[PDB]
Amino acid sequence: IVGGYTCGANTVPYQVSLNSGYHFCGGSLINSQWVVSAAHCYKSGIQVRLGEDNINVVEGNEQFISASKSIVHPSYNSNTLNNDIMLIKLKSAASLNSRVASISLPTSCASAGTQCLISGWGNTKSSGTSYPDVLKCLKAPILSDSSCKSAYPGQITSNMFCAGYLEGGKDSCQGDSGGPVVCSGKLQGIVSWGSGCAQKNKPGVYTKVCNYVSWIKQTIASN
Ligand SMILES: NCc1csc2ccccc12
Ligand SMILES: [Ca+2]
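Residues numbered from 1 in each chain as written, not as in the entry; some residues may be left out. Chains lettered and ligands numbered in written order. Heavy atoms only, no water.

Asks: Teacher, can you tell me more about the overall build of the protein chain here?
Replies: Secondary structure summary: the protein chain contains two helices and 13 strands in total. What you see for the protein chain is a C-alpha radius of gyration of 16 Å, in line with the 17 Å of a compact globule of 223 residues. The buried share among the 223 residues of the protein chain stands at 54%. Accessible surface for the protein chain amounts to roughly 9,200 Å². Of this, 46% is attributable to carbon and sulfur atoms. (Helix = DSSP H or I, 4+ residues; strand = E, 2+ residues; numbered from the N terminus. Rg over C-alpha atoms; globule rule 2.2 N^0.38 Å. Buried < 20%, exposed > 50% of the residue type's maximum accessible area, 1.4 Å probe, protein only. Areas by Shrake-Rupley, 256 points an atom, 1.4 Å probe, with all protein chains shown as cover.)

Here it is as structure tokens:
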């Protein structure tokens, strides 16, 4: 997260870290067994880390649970990033408590102008590199479809939205991938892509979660 703030320990209780020896992506806990992330975060050997603040220090609220199954969306295209979503099942159910909690799925799509919370352990600089140990947060609005399309001609599908600031300075970034965009207590986005981070006229692009709720539910119901 570039241009954000320290969230505070365990204040984003659905935020998980995907770990394969190291943090490499965020995700969102959506029930005791299942995590939402980005399909471009797929790999084998994932351990889900819940209850994290400092991802380098064991602070006392973590739960570490290995994935049993990954399901990338059936229509994910890794060239266009269309349908950039996957589900990860945990080998055992997480213990749910104030610091480890699921985030509700949307029952309707959010509109441009809605305020959201984006979070992660990704890069905090727009030039150069610095990775935080504690969770960072950013409040950002959803941008109109038309400004998203004009920012990224030919590349925004109906499964994507832009959020952030056309002026630059505040955005998600590499290592935030797969993490939440939460708006009024519903998971509306997943950190997906952009051109650089926090550049002028290049806002972040996010998977439009409300298009996937019936796929999510039917997948969970059968797996
Ligand atoms: N908002 C931009 C963004 C999000 S994840 C990622 C990974 C690499 C480069 C940019 C980004
Ligand atoms: Ca920790």
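There is more to say after this.
Asks: Even after reading the chapter, I still don't get the nonpolar core, so can you show me in this structure?
Replies: Soluble globular proteins tend to bury their nonpolar side chains together. Counting residues in each nonpolar core, the largest one holds 42 residues, and the members touching the most others are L18, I30, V48, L50 and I216. Those elements that place two or more of their residues in this core are β2 (15–19), β3 (23–31), β4 (34–37), β5 (47–50), β6 (63–72), β7 (86–90), β12 (186–193) and α2 (213–222). Once residues lying within four places of it in the same chain are set aside, the contact partners of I216 are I30, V36, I85, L87 and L105. If you look at the next biggest cluster of nonpolar residues, it comprises 13 residues, including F161, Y165, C183 and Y206. (Core = buried A, V, L, I, M, F, W, Y, C linked by side-chain atoms within 4.5 Å. Contact = heavy atoms within 4.5 Å.)

Asks: I keep staring at the sheet that holds strand β9 (residues 136–141) and nothing clicks. Help me out?
Replies: Strands belonging to one sheet form pairs held by backbone hydrogen bonds; the direction of such a pair is parallel or antiparallel. The seven strands lie next to each other as β1-β9-β8-β11-β12-β13-β10, forming an open sheet whose pairing is antiparallel. In this open sheet, the two edge strands, each paired with only one partner strand, are β1 (5–6) and β10 (160–163). Of the pairings in the sheet, the one linking β1 to β9 comprises two bridges and is antiparallel in character. Within the sheet, the bridge partner assigned to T6 lies in β9 and is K136. (Pairing = 2+ DSSP bridges.)

Asks: Teacher, can you tell me more about the site of ligand 1 here?
Replies: Surrounding ligand 1, one finds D171, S172, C173, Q174, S177, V191, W193, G194, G196, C197 and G204. Here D171 contributes a side-chain N or O atom positioned 3.2 Å from a nitrogen atom of ligand 1. The class makeup of the residues in the shell around ligand 1 is four nonpolar, six polar and one charged. (Near = heavy atom within 4 Å. Polar contact = N/O pair within 3.5 Å; in protein donor to acceptor, adjacent residues only side chain to side chain. Nonpolar A, V, L, I, M, F, W, Y, C, P; charged D, E, K, R; others polar.)

Asks: For this particular structure, what's the right way to read the layout of surface pockets?
Replies: It is a probe the size of a water molecule, rolled over the atoms, that shows where empty space is left. In this structure, the largest pocket occupies an estimated 180 Å³ of space. If you trace the largest pocket, you find 18 residues lining it, with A110, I142, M160, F161 and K208 closest to the centre. Going through the elements one at a time, α1 (145–151) and β10 are the ones with two or more residues in the lining of the largest pocket. For the lining of the largest pocket, the leading source of residues is β10, giving three residues. Class assignment for the residues of the lining of the largest pocket results in eleven nonpolar, five polar and two charged. (1 Å grid on protein atoms, 1.4 Å probe; cavity = no way out; pocket = protein on both sides within 12 Å on 5 of 7 lines; lining within 4 Å. Points joined across faces, edges and corners; volume = space filled by probe spheres on them.)

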